[PDB]
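Quick notes on the structure that follows.
So that the names make sense, note that chain A is the first sequence line, chain B the second, and so on, each numbered from 1. Atom set for the values below is all heavy atoms of this structure, side chains included, hydrogens, waters and symmetry mates excluded.
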Amino acid sequence: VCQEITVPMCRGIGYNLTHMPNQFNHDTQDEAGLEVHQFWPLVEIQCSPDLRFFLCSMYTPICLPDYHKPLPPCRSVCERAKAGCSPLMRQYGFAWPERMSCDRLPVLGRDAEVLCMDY
Amino acid sequence: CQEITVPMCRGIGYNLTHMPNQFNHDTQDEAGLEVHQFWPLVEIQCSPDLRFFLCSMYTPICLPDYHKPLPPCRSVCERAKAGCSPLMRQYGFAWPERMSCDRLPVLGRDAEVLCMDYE
Ligand SMILES: *[C@@H]1O[C@H](CO[C@@H]2O[C@@H](C)[C@@H](O)[C@@H](O)[C@@H]2O)[C@@H](O[C@@H]2O[C@@H](C)[C@@H](O)[C@@H](O)[C@@H]2O)[C@H](O)[C@H]1NC(C)=O
Ligand SMILES: CCCCCCCCO[C@@H]1O[C@H](CO)[C@@H](O)[C@H](O)[C@H]1O
């Protein structure tokens with residue numbers, strides 16, 4: 001079922017409803033929120049206008065009542081967030097996370113059936 | 001003029017402030033005790049501009065020889081508020097009238113009245 005997003009950083013990014021489990025097999029929004037919370041300093045410095053949406057699109061993925069196929073962000077969204085923010089993370093000892101590697105995401109419009117979120 | 005010591009407002013783009021502020025806080029410790037109550041909102045990151053906007057009022061910028069207060073531009077407040085007011089209202093906290101945006105100058109509306117913007 002669809003549930004109103006309760007992860008504070010992921011409200012006001014363009015959609016209201018999510019569903020668990022997410023990509024990472026978090027079972028609740030609480031669990032997902034406790035993890036995405038750690039990215040707040042990266043969102044604050046604005047190394048990429050895409051980062052917050054990209055993160056939320058994975059941690060609290062959009063839920064549409066009638067749609068049951070996954071709606072990941074598009075690869076291009078990941079790539080822009082990574083290009084923007086990776087150097088800064090790298091500068092603080094953090095690598096771009098394994099679970100966020102962009103090549104796991106669909107390319108926009110490559111397959112008619114495979115939809116994805118652009119920003 | 002004096003070095004900024006409230007932890008939230010260090011490293012925000014300017015280093016010096018002047019007491020009293022527009023809240024008639026006589027010390028940075030008094031000012032910081034109030035602005036730190038907003039700290040959870042900074043970590044929530046409903047707006048990247050929030051911290052700068054709050055600090056620009058609680059630990060206002062002090063400029064050598066200027067001897068006059070310099071407020072944030074209205075647009076700075078409007079971005080902070082557009083991002084964070086919805087979450088504050090949901091959590092039962094009214095956007096305080098003291099940080100109303102129409103109390104602040106619009107950049108360039110009167111060339112003689114200065115304000116700080118940011119990105
Ligand atoms: C996205 O959500 C907003 C806010 O909805 C309210 O808060 C969420 C957490 C739930 O608790 C909802 O039941 C609440 O309505 C929607 O905006 C509101 O819509 C009406 C009721 C109006 O009173 C307005 O002032 C509210 O802000 C918004 O429509 C929704 N977007 C959609 C559905 O596309
Ligand atoms: C846990 C989520 C926190 C939501 C943000 C609340 C920020 C606190 O904002 C509150 O505003 C009021 C203005 O008079 C006063 O009670 C306090 O100055 C201040 O704590």
Under 3.5 Å side-chain donor-acceptor pair for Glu44(A) and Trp40(A): no
Gap separating the CD atom of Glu78(B) from the SG atom of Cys101(B), nearest 0.5 angstrom: 5.5 Å
Option from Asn15(B), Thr17(B), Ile61(B) for which side-chain contact (heavy atoms from CB on, under 4.5 Å) with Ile4(B) holds: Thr17(B)
Test item: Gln45(B) and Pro48(B) side chains (from C-beta on) under 4.5 Å apart, heavy atoms: yes
Test item: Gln2(B) and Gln28(B) side chains (from C-beta on) under 4.5 Å apart, heavy atoms: yes
CD/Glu97(B): more than 12 non-hydrogen atoms of other groups inside 6.0 Å: no
Atom pair NE2 (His25(B)) and CD (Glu30(B)), whose distance is rounded to the nearest 0.5 Å: 5.0 Å
Ion pair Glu4(A)/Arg11(A), N-O distance below 4.0 Å: yes
Cluster overlap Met100(A) with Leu88(A), hydrophobic side-chain contacts below 4.5 Å: yes
Pair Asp29(B)-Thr27(B), side-chain donor/acceptor within less than 3.5 Å: no
Nearest-0.5 Å distance that lies between atom SG in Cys116(A) and atom CG in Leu108(A): 5.0 Å
Single-linkage hydrophobic cluster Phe94(A)~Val43(A), side-chain heavy atoms < 4.5 angstrom: yes
Check: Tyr119(A) ring centre within less than 6.0 Å of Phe54(A) ring centre: no
SB check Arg98(B) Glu34(B) (cutoff 4.0 Å): yes
Crowding at CD, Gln90(B) (>12 non-hydrogen neighbours, <6.0 Å): yes
Single-linkage hydrophobic cluster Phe23(B)~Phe52(B), side-chain heavy atoms < 4.5 angstrom: yes
Closest non-hydrogen atom pair, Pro105(B) against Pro72(B): CD-O, 3.9 Å
From CA spacing to verdict: side-chain contact (heavy atoms from CB on, under 4.5 Å), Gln3(A), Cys63(A): CA-CA 8 Å; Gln3(A) 57 188 286; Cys63(A) 177; over 6 Å; no
Parallel, tilted or perpendicular: ring planes of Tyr58(B) versus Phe38(B), cut at 30 and 60 degrees: tilted
More than 12 heavy atoms from other groups under 6.0 Å of CD on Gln38(A): yes
Within 6.0 Å of NZ in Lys81(B), more than 12 heavy atoms from elsewhere: yes
Student check: side-chain heavy atoms of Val77(A) and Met117(A) closer than 4.5 Å: no
Contact summary for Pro8(A) and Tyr91(B), nearest pair of heavy atoms: CG-OH, 3.4 Å
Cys84(B) side chain near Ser47(B) side chain, heavy-atom distance below 4.5 Å: yes
Heavy-atom closest contact (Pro72(A) atom, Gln23(A) atom, distance): CB-NE2, 3.7 Å
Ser75(B) and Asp117(B): CA distance, side-chain angles, deciding distance, side-chain contact (heavy atoms from CB on, under 4.5 Å) verdict: CA-CA 8 Å; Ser75(B) 57; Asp117(B) 215 321; 3.1 Å; yes
Minimum-distance pair of heavy atoms, taken over all atoms of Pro21(A) and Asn25(A): CB-OD1, 3.9 Å
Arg89(B) and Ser85(B) side chains, donor-acceptor separation under 3.5 Å: no
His36(B) and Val6(B), any side-chain heavy atoms less than 4.5 Å apart: yes
Intermediate values then yes/no, side-chain contact (heavy atoms from CB on, under 4.5 Å), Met20(A) and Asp27(A): CA-CA 6 Å; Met20(A) 296 291 124; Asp27(A) 280 316; 5.8 Å; no
Trace of the side-chain contact (heavy atoms from CB on, under 4.5 Å) decision for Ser101(A) with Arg104(A): CA-CA 6 Å; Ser101(A) 69; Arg104(A) 305 183 178 193; 2.9 Å; yes
Side-chain touch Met89(A)/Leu42(A), heavy atoms, less than 4.5 angstrom: yes
Point-to-point distance, once rounded to the nearest 0.5 Å, from SG of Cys46(B) to CD1 of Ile13(A): 13.5 Å
Non-hydrogen side-chain atoms of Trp96(A) and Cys78(A) separated by less than 4.5 Å: yes
Check: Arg75(A) side chain, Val107(A) main-chain N or O, donor-acceptor pair, under 3.5 Å: no
Hydrophobic cluster membership, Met57(B) vs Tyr14(B), 4.5 Å side-chain cutoff: yes
Neighbour count above 12 (heavy atom, 6.0 Å) for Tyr66(B) OH: yes
Interatomic distance, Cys55(B) atom SG to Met8(B) atom CE [nearest 0.5 angstrom]: 6.0 Å
Side chain proximity check, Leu64(A) to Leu17(A), heavy atoms < 4.5 angstrom: no
Ionic contact status for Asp118(A) with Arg80(A), cut-off 4.0 Å: yes
Exercise: do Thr60(A) and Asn22(A) side chains pair donor with acceptor under 3.5 Å: no
